[PDB]
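**Student:** Here goes the first bit of my complex:
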Amino acid sequence: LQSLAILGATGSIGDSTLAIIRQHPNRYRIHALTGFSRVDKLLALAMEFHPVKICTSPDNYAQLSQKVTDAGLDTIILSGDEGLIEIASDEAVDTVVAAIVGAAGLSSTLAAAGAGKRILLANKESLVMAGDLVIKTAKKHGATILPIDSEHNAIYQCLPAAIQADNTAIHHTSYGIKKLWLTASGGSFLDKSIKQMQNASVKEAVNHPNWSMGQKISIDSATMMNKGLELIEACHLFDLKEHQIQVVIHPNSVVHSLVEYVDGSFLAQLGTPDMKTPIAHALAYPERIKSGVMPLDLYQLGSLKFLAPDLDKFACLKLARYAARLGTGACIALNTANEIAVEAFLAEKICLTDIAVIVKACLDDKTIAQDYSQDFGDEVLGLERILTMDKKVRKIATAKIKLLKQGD
């Protein structure tokens, strides 16, 4: 049985992964599950799956340990980043599903690449922040990365075998890859005024017509920063630069992305927008298995729309491309600034449209820009350099926010 560690098992992605595991009992073995806040849910999962190890936040380690011994499970309990690193590099784990949101998922993603694991990547902030380091580290140790993110999973499915195996093979012109097309729903405000986004409630922004997801990715979809980040994720995953990856607005969320070839062929993945499809694909690869989705019904589709992005309205996307060209430092500035203006939007401290302002101000800040020219990809020293800039952007972005609520 393929041994699984599911980092971030209590969230949206975790739910879908587990929904597939329950359909395929004697194919996968759960070795570990992790959860930051939802201690009871993690316990309920523990009791269901009898995992060898679980990990939670340090604030909950004691509480959860009591509850696990009280339930008489053999389960080892772990806490913090230290626990995640352990599970991610555990000799007994074959496959890691990286579903921790944000930067918090970076160190365990690396540990997994360092340990040579099969990694199923949901956690895109890992690649936006440490793409060179993660891929380099993975290549060096024999880790395979398969993307779970819909768009990337689509693209991956639409790529010849040799380029799934080795992403550098994509520069051999025989394979004829021209460019990659990322589909974007346009989010909750696509078809609404600039003015109306300004006054968006969290309830409006957080709820998406086609997808049910975590809070963060949800907001990122509303501003289109999600595509931004996906743009940078794609560059690392498929070993390309941003000019080779373009974005098309597609509100139906049926077409999940395309690969354009030199002969005129666009290979695309279509499906109902349900993350069990890409998770299932990535779990069973190179085989396939039933996912439990309700399949897309082509008869009732109606009309699938396509539309160029409106960049004035979705500045987050302009700014992500700009950052992708600047390299890893600017992508960190990008992602972290954005991580901060999201905690801030959901806390109701800024407007939705303020997410763009904070992120630019951060990309164009002189104190942030000093670190753009650093070697964030050094095998020994890249990690501390990435985290230090993280802490730094955290401070400055926080400062920018406070400054804005009055004036600069």
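**Tutor:** Structure's in. What do you need? Numbers count the residues shown, from 1 in each chain, chains lettered A, B, ... in the order given.
**Student:** Break chain A down into its structural domains.
**Tutor:** Chain A breaks down by curated CATH domains into domains covering A:1-149, A:150-310, A:311-408.
**Student:** Now mean neighbour count too, for these, in CSV please.
**Tutor:** Just so you know, the C-beta spots here come from the backbone N, C-alpha and C atoms, and that holds for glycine as well. Output for the domains of chain A, formatted as CSV (neighbours: other C-beta atoms under 10 Å):
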stretch, mean neighbour count
domain A:1-149, 21
domain A:150-310, 18
domain A:311-408, 19
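**Student:** can you give me the helices in the stretch 51-200 of chain A?
**Tutor:** Using DSSP state H, counting those that start in this stretch, the helices of the stretch 51-200 of chain A run over A:61-70, A:80-88, A:106-115, A:125-141, A:150-157, A:161-165, A:194-198.
**Student:** can I get those helices in JSON lines with distance to residue A:3?
**Tutor:** Formatted as JSON lines, the helices of the stretch 51-200 of chain A follow (distance: least, C-beta to C-beta, whole Å):
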{"stretch": "helix A:61-70", "distance to residue A:3": "20"}
{"stretch": "helix A:80-88", "distance to residue A:3": "11"}
{"stretch": "helix A:106-115", "distance to residue A:3": "13"}
{"stretch": "helix A:125-141", "distance to residue A:3": "18"}
{"stretch": "helix A:150-157", "distance to residue A:3": "22"}
{"stretch": "helix A:161-165", "distance to residue A:3": "22"}
{"stretch": "helix A:194-198", "distance to residue A:3": "45"}
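**Student:** I'd like to know which of those helices lies nearest to residue A:27.
**Tutor:** For residue A:27, the closest of the helices of the stretch 51-200 of chain A is helix A:150-157, at 19.3 Å, according to C-beta to C-beta.
**Student:** Over to the residue nearest the centre of chain A: give its phi and psi.
**Tutor:** For chain A, residue A:124 is the residue whose C-alpha lies nearest the centre (C-alpha atoms, centre = their mean; 2.6 Å). When read as degrees, to the nearest 10, the backbone of residue A:124 gives phi -80, psi -30.
**Student:** on that earlier part again, among the helices of the stretch 51-200 of chain A, which comes closest to residue A:29?
**Tutor:** Residue A:29 sits nearest to helix A:80-88 of all the helices of the stretch 51-200 of chain A, at 14.0 Å, using C-beta to C-beta.
**Student:** From the contact counts, what lies against the closest one?
**Tutor:** Under the contact definition 3 or more C-beta pairs under 8 Å, 6 or more residues apart in numbering; DSSP states H and E, helix A:80-88 sits against strand A:2-7, strand A:28-34, strand A:53-56, strand A:76-79, helix A:106-115.
**Student:** Could you check the angle that helix makes with strand A:28-34?
**Tutor:** Relative orientation of helix A:80-88 and strand A:28-34, computed by axes from the mean of the first three to the mean of the last three C-alpha atoms, to 10 degrees: 170 degrees.
**Student:** before we move on, back to that, between the helices and strands packed on helix A:80-88, which gets nearest to residue A:369?
**Tutor:** Ranking those by proximity to residue A:369 (C-beta to C-beta) places helix A:106-115 first, at 22.0 Å.
**Student:** just how off-centre is the closest one within its chain?
**Tutor:** 15 Å (C-alpha atoms, centre = their mean, to the nearest Å).
**Student:** can you check stretch A:176-196 too?
**Tutor:** Worked out by C-alpha atoms, centre = their mean, stretch A:176-196 lies 17 Å from the chain centre.
**Student:** likewise stretch A:306-322?
**Tutor:** 19 Å.
**Student:** Now do that stretch: everything it contacts.
**Tutor:** Contacts with stretch A:306-322, where a contact means C-beta atoms under 8 Å, 6 or more residues apart in numbering, come from A:184, A:186, A:194, A:197, A:220, A:223-225, A:227-229, A:231-232, A:242, A:247-251, A:330, A:334, A:338, A:355-356, A:359-360, A:363.
**Student:** can you slot in chain B too:
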Amino acid sequence: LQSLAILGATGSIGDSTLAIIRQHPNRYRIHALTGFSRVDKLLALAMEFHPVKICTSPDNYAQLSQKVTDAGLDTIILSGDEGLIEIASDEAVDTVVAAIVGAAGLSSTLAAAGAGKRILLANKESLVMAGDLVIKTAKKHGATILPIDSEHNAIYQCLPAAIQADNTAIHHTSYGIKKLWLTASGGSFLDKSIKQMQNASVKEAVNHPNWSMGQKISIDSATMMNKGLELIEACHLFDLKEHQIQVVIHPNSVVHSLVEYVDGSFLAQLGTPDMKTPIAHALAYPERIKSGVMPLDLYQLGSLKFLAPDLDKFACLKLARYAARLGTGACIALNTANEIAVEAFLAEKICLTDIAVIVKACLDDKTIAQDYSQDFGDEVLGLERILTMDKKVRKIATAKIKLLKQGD
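**Tutor:** Chain B, in position alongside the others:
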């Protein structure tokens, strides 16, 4: 240089193939070209490409031989089926592009499979009439068949490598193929009354909103018999039965077909509707090359529509499925009856809607049905059995036509 024989070089498919050859001068060598009626065009091609051999109709052999000696080419001239068989099995030919329309292309398609060639198949009537025989013969001698037909080329592009190599691999459930979806434009009368198809001029039926093609395939698209035939072609190519292949109406002709997988993934090929894309793909396979098409612009797409087939209105499609289930005899009855009611529609002897009547009457005719249980796939005797039934359906369909213009 890959040596090419282009059977049917003067038609629509031939034009597109050659348009690609002219873009790729030192990749492909033209060893042979063939043309039935258009002697001057065949000559002009001869002078352009200095082929080793060409073949024409028997009625033109003398005329063309004079003209070739008058122009001082070294080119060997051939005639009739005998000439096609020779070119198709020529020791010096690597690749055969099978683009003769109708049943007339069957014997040379077989000769090419018998000789173990790489075959690029446009000519779908070959598989509708002798699918088992062609595939069996190909497998036995090491011939590779790559489809040029848009839908089949799309499906092929959307299939894993192992199933492109060996079509029987598709029954291994690991690969997770659920079903194949054939897209159909719905033709010139999709959005028009039954009543208005009745009175269709040849000019209406022959001209297609999105495609420029030969006359026959053009009419077949109007009645939707083209999808019928494509349905049977798909069964042989991909080694499935008709229940596994469904049809969706898609008027934009952008999405060219899909492959549905068990996890919910639909892989589809999109592109501007231009046969240079699939020809180019098939020529360079497993590599890719520029095709000279103007690529699809996703920004200006608008809305791609999808719609269930209206089977009352497109009886030809009901009847093809029925025939696919009946087996090869009924497919011959189907294809030939249809070949006859097309010569008859374009000659202005029957109504467009009469194509359906003639073909049913032929499928349900007791004299035709006697031969349904024959072994059309016997390596020694299948070919004469296929041609005899052809001649027979030709006679009876002709009779049915004459009968209808008065009454049965």
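**Student:** Take the contacts of stretch A:306-322 again, chain B included.
**Tutor:** Under the contact criterion C-beta atoms under 8 Å, 6 or more residues apart in numbering or on different chains, stretch A:306-322 has outside partners A:184, A:186, A:194, A:197, A:220, A:223-225, A:227-229, A:231-232, A:242, A:247-251, A:330, A:334, A:338, A:355-356, A:359-360, A:363, B:298-299, B:301-304.
**Student:** which bits of the stretch 251-400 of chain A sit near chain B?
**Tutor:** A:258, A:260-272, A:274, A:276-277, A:280-281, A:284, A:287-291, A:293, A:295-296, A:298-299, A:301-308 (C-beta under 8 Å from any C-beta of the partner chain).
**Student:** Just the closest residue of the stretch 201-350 of chain A to chain B, please.
**Tutor:** Proximity of the stretch 201-350 of chain A to chain B (C-beta to the nearest C-beta) peaks at residue A:288, 2.9 Å away.
**Student:** contacting residues for the nearest residue to that residue once chain neighbours are set aside?
**Tutor:** In this structure, residue A:288 finds its nearest non-sequential neighbour in residue B:176, 2.9 Å apart by C-beta to C-beta, 6 or more residues apart in numbering or on different chains. Listed by C-beta under 8 Å, 6+ apart, the contact set of residue B:176 reads A:287-289, B:261-263.
**Student:** Quick one: name the residues of the stretch 51-200 of chain A near chain B.
**Tutor:** Residues of the stretch 51-200 of chain A lying near chain B by C-beta under 8 Å from any C-beta: A:157-158, A:160-161, A:174-176, A:178, A:181.
**Student:** same thing but 10 Å
**Tutor:** A:153-154, A:157-158, A:160-162, A:172-179, A:181, A:183 (C-beta under 10 Å from any C-beta of the partner chain).
**Student:** Among these, which lie within strands?
**Tutor:** A:177-179, A:181, A:183 (DSSP state E).
**Student:** tell me the contacts of residue A:167?
**Tutor:** By C-beta atoms under 10 Å, 6 or more residues apart in numbering or on different chains, the contact list for residue A:167 reads A:135, A:139, A:145, A:156, A:159, A:236-240.
**Student:** Skipping its backbone neighbours, what lies nearest residue A:63 in space?
**Tutor:** Nearest to residue A:63 is residue A:39, by C-beta to C-beta, 6+ apart, at 6.0 Å.
**Student:** got the phi/psi numbers for the one you found?
**Tutor:** Dihedral angles (degrees, to the nearest 10) for residue A:39: phi -60, psi -50.
**Student:** Run through the residues that contact it.
**Tutor:** If you count contacts by C-beta under 10 Å, 6+ apart, then residue A:39 has A:10, A:56-57, A:59-61, A:63-64, A:67 around it.
**Student:** From residue A:264, how far out is the residue nearest to residue A:288?
**Tutor:** With distances taken as C-beta to C-beta, to the nearest Å, residue B:176 is found 28 Å from residue A:264.
**Student:** Can you name the residue of the stretch 51-200 of chain A nearest chain B?
**Tutor:** residue A:176 (2.9 Å).
**Student:** All the strands of chain A, residue numbers only.
**Tutor:** Using DSSP E, strands in chain A cover A:2-7, A:28-34, A:53-56, A:76-79, A:95-98, A:118-121, A:144-147, A:177-184, A:245-249, A:255-261, A:266-270, A:302-306.
**Student:** wait, what's in contact with residue A:263?
**Tutor:** Residue A:263 touches A:176, A:178, B:20, B:157, B:271, B:276-284, B:288-293, B:295, counting by C-beta under 10 Å, 6+ apart.
**Student:** now the helices for the stretch 201-350 of chain A?
**Tutor:** So, for the stretch 201-350 of chain A - with DSSP H, counting those that start in this stretch - the helices run A:202-206, A:215-223, A:225-238, A:276-284, A:315-326, A:328-346.
**Student:** related to what we said a few turns ago, touching, the residue of the stretch 201-350 of chain A closest to chain B and residue A:278? I think so.
**Tutor:** No: applying C-beta atoms under 10 Å as the test, residue A:288 and residue A:278 come out as separate, 11.7 Å apart.
**Student:** Which neighbours do the two have in common?
**Tutor:** When contacts are counted by C-beta under 10 Å, 6+ apart, residue A:288 and residue A:278 are jointly contacted by B:263-265.
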